[PDB]
Each structure stands twice: as C-alpha cells, then as structure tokens.
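Naming convention: chains lettered A, B, ... in sequence-line order (proteins, then strands); numbering from 1 in each chain. All values below were derived from every heavy atom in this structure, side-chain atoms included, with hydrogens, water molecules and symmetry-related copies excluded.
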4 protein chains.
Amino acid sequence: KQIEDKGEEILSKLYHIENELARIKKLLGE
Amino acid sequence: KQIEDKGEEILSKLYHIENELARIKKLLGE
Amino acid sequence: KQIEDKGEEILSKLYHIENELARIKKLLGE
Amino acid sequence: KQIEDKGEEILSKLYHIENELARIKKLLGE
C-alpha cells in the first residue's frame, strides 16, 4: 500500500507536469 | 500486478510529456 | 522495498522537474 | 523483475526529460 500510494502520487505529479507544459506550449503559440 | 499496471500508465505519461517537449522545442526554433 | 525505494527516487525527479518548469515559466515571463 | 525493469525504465526517461528541460532553460537564457 506504500508502493500503491507512491504510484498515485507519481501520476498526480505527472498530470501537473503535463498541464504546465500544455500551458507553455499555448503561450508560446500565442 | 496493479503495480505493474501503474508502471505502464506512468511510462505512457512520460512518452506524452516527451511529445510535448518536442512540440515546445520546435516552437522555440531549436 | 527496492521498489518502494525506486518510487521515492522517481518522485524526487518529478520535484526537480517541477523546479525546472518554474524557472522556465519565469524566463517566458509567465 | 518486471516491476524493477519498469522502475529503471521510468528513471531513464526522467533523466532524458530533465536534460531536455535544462536545454530549454539554457536556450531561453541565452
């Protein structure tokens, strides 16, 4: 359950990261 | 294998992040 | 717990990626 | 060993990603 909690935690950061990069790509295209 | 399954899903996110970075590096003319 | 240990190391990388994105978003004046 | 191999694989992508972002930050600062 530690390994499963770390797993989710990792995913949720990755969603945050992919959103920051989408925001960068959007800016740069404007 | 829930954990195996998570591994794969995490990696998938990483590929997609790599696609975003390729888009970004093109916009920055590098 | 080698796998637990890996989890933590992965997360650490994600934080650092987040620091880089904060630096990048400042350089892009966003 | 599948979980341990996925672990390494994830790390190695993250190193690639942190390098792409360092290259972005360097460019933008030049």
Side-chain angles (χ1 to χ4, degrees):
Chain A
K1 193 62 189 257
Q2 284 312 308
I3 293 160
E4 303 184 335
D5 283 21
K6 263 295 142 302
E8 275 317 288
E9 192 180 357
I10 280 167
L11 271 177
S12 70
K13 294 238 157 229
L14 287 166
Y15 282 132
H16 181 63
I17 292 167
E18 296 189 323
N19 291 346
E20 293 175 286
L21 291 161
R23 254 204 77 204
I24 293 166
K25 180 173 106 181
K26 188 201 62 222
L27 295 176
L28 300 175
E30 289 180 348
Chain B
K1 76 176 87 199
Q2 178 174 287
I3 289 165
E4 232 169 335
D5 292 354
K6 203 56 82 189
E8 293 291 342
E9 169 173 20
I10 291 162
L11 196 55
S12 186
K13 301 304 169 216
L14 296 185
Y15 285 116
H16 177 257
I17 285 157
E18 282 185 330
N19 297 326
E20 294 175 278
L21 290 168
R23 302 190 222 101
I24 286 157
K25 266 136 86 199
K26 194 164 289 114
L27 284 158
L28 297 171
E30 35 160 315
Chain C
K1 76 176 87 199
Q2 178 174 287
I3 289 165
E4 232 169 335
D5 292 354
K6 203 56 82 189
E8 293 291 342
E9 169 173 20
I10 291 162
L11 196 55
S12 186
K13 301 304 169 216
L14 296 185
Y15 285 116
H16 177 257
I17 285 157
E18 282 185 330
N19 297 326
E20 294 175 278
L21 290 168
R23 302 190 222 101
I24 286 157
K25 266 136 86 199
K26 194 164 289 114
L27 284 158
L28 297 171
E30 35 160 315
Chain D
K1 193 62 189 257
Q2 284 312 308
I3 293 160
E4 303 184 335
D5 283 21
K6 263 295 142 302
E8 275 317 288
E9 192 180 357
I10 280 167
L11 271 177
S12 70
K13 294 238 157 229
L14 287 166
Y15 282 132
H16 181 63
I17 292 167
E18 296 189 323
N19 291 346
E20 293 175 286
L21 291 161
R23 254 204 77 204
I24 293 166
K25 180 173 106 181
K26 188 201 62 222
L27 295 176
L28 300 175
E30 289 180 348

(message) Quick check for you: to the nearest 0.5 Å, what is the distance between A:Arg23 atom CZ and A:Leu28 atom CG?
(response) 11.0 Å

(request) Can you establish whether the number of heavy atoms outside D:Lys26 located under 6.0 Å from its atom NZ is more than 12? (result) yes

(message) Is there a side-chain contact (heavy atoms from CB on, under 4.5 Å) between A:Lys6 and A:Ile3? Walk through the geometry before answering.
(response) CA-CA 5 Å; A:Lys6 263 295 142 302; A:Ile3 293 160; 5.6 Å; no

(message) Let me confirm one number: the CG-CG distance from B:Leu14 to B:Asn19, rounded to the nearest 0.5 Å.
(response) 11.5 Å

(message) Please report the interatomic distance NZ(A:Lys25) to CG(B:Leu27), rounded to the nearest 0.5 Å.
(response) 8.5 Å

(message) If the condition is side chain to side chain donor-acceptor pair (under 3.5 Å), which residues does D:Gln2 pass it with, not counting sequence neighbours?
(response) none

(message) How long is the straight-line distance from CD of C:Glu18 back to CD1 of C:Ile24, given to the nearest 0.5 Å?
(response) 12.5 Å

(request) Report yes if some heavy atom in the side chain of D:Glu20 is under 4.5 Å from a heavy atom in the side chain of D:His16; otherwise report no. (result) yes

